[PDB]
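Given next are two forms of a protein chain, the same chain in both, each as structure tokens and marked structure 1 or structure 2.
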Structure 1
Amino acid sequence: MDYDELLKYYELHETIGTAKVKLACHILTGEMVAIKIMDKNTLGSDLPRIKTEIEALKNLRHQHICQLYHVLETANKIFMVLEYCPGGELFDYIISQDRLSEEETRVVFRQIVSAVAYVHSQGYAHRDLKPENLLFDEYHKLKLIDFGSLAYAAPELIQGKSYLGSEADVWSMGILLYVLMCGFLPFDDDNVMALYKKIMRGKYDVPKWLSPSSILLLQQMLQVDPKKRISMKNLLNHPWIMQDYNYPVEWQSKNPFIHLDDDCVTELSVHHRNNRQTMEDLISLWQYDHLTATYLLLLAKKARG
């Protein structure tokens, strides 16, 4: 029952994560995708919250956000077809490299900043930023996933205090910045209570390989008082961020909802019995059905060249 409708559009390959994640092939275009499979019965009470997260993803379209292509709902399952990221997790990348240089950290950090600033510009907050939530695509560009961990959580978030998601994101970004340049967490312990004490105290070791500017940026992000944390606006053109670039982080989306690609509308129209204008009208509704999937995948096929 569960897989019948999905199997009309996708050829399923192997599981890569357990929500379960499967690699698949889009039949029409031949494009690889990742399929997030969610058991509705397993979620039960947390199900309406997963539905609000899907709706938020429908409103996020960005070069550094893993793209939603298709949402399929059955009696027992929710399927989310997503952008294929074969480079894997930034978590695995950090471990394989041990730690990144200041220069390579900047390449990756400016991409995280671009995604997160855009998420905030859309009225959302991520709240679970960590290197397991950042994937590399075939072009080695980062893609943010799993919208909506203890080692990355802001002191106020752990204490159960009221918080602004934007300030909790800036703290988690400070933790990511440290891990990128150090290869280990600033706050860590085998005991959960001792880790909780360490986060709230906000004291961490400053390794010898960190430059004075890196150290100052970490201080500006890793403030226990959320009001003392740097705002996203000042992070876009921060002196550490501008070093070797001399231009602020481009956070604005390059992936439109409005403008449609004429080649992709043309390619798409041959598979349907409608005229071009009807086709453009249908695509513009952005229903996250097979039509949305096909259009976005043709665009991804085109960008490859």
Structure 2
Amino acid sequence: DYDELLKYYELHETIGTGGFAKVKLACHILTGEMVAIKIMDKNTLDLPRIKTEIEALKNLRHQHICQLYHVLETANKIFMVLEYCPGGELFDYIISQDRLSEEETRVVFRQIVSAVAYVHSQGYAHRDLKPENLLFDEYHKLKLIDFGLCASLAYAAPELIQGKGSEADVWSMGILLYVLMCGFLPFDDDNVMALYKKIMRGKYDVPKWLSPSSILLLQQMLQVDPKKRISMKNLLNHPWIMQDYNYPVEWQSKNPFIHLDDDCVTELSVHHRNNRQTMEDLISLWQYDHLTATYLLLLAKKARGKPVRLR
């Protein structure tokens, strides 16, 4: 139940619902930082989905991946405390704009490619890429979410639906690119089997406002045969991707966990009136408990150019 969570967080409103989970806005008491808490019920659960996401996020640390802070499991519930992104979903952003210019699309799309390339570099495929799974953070940069399916029909690759992961992610990014520049899906139908057929055929409308280079890139990402599909490697430095930037997508993590931050370690030891070495030792266990949560939220203060202070 909520007694364990309420020790550390003030709970606010529900900001999202899923089939088996909800996400609530909350504030971390010790740091005053806003967070987003994904809440699951262990009775009405699937559960492998939760464990999959948790394991992935413990191993992924990247400027375009929504950060995990804290995992709490009670008798009845599982709580995942995640980064709060105050800019909302990419999908809702596209609808409000109708569609994005090629220029703004490229700004956003390069961030998606950065995240997904990194995910692949760490040995995973996301498998559920869609604009509902991309959020805008405090600096209006994109953060990828929902790793429950890592190793929706409108975004699934032909070979994935066929049951015949890396290439499947490229296809989904092709659908995303189309939606960004067009404001609607390339394959859509009320009838699910009719949608399946359309995806298998691979034919789609090419709107009048797409540039020849955009058209070519969509063609290369939306190849029905995954062997003919552009590879992640060649996506990183694609001429469309390079335009106006003149350097390939920077996919490597810019915020990896190397050494513990001295300033964060000191603030925790001072606040808790604890032996510094004991504090450094307990943080290093990386249990994703309240200690880890407080440590990581202090690091976020620092990344924001703010002082590392508690209470």
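For numbering, take structure 1's sequence and count from 1. In this text, rigid core is short for the largest set of C-alphas that superpose within 1.5 Å between two forms.
Novice: Superposing on the rigid core, do we see a C-alpha displacement of 2 Å or more at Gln277 between the two structures?
Specialist: Comparing the forms between the two structures, which are aligned on their rigid core, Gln277 does shift its C-alpha by 2 Å or more.
Novice: Once you overlay the rigid core, does the Cα of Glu250 travel 2 Å or further between the two structures?
Specialist: It does not reach a 2 Å shift.
Novice: Answer yes if the CA of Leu260 moves 2 Å or more between the two structures after aligning the rigid core, and no otherwise.
Specialist: After core superposition, the C-alpha of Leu260 moves 2 Å or more between the two structures.
Novice: Cα of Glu53: shift between the two structures in Å, core-fitted?
Specialist: That residue's C-alpha sits 2.1 Å away in the other form.
Novice: How much does the C-alpha of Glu156 move between the two structures, in Å, when the core is lined up?
Specialist: Its C-alpha shift, to one decimal, is 1.2 Å.
Novice: So, with the core fitted, how far does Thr105 move at its Cα between the two structures, in angstrom?
Specialist: That residue's C-alpha sits 0.1 Å away in the other form.
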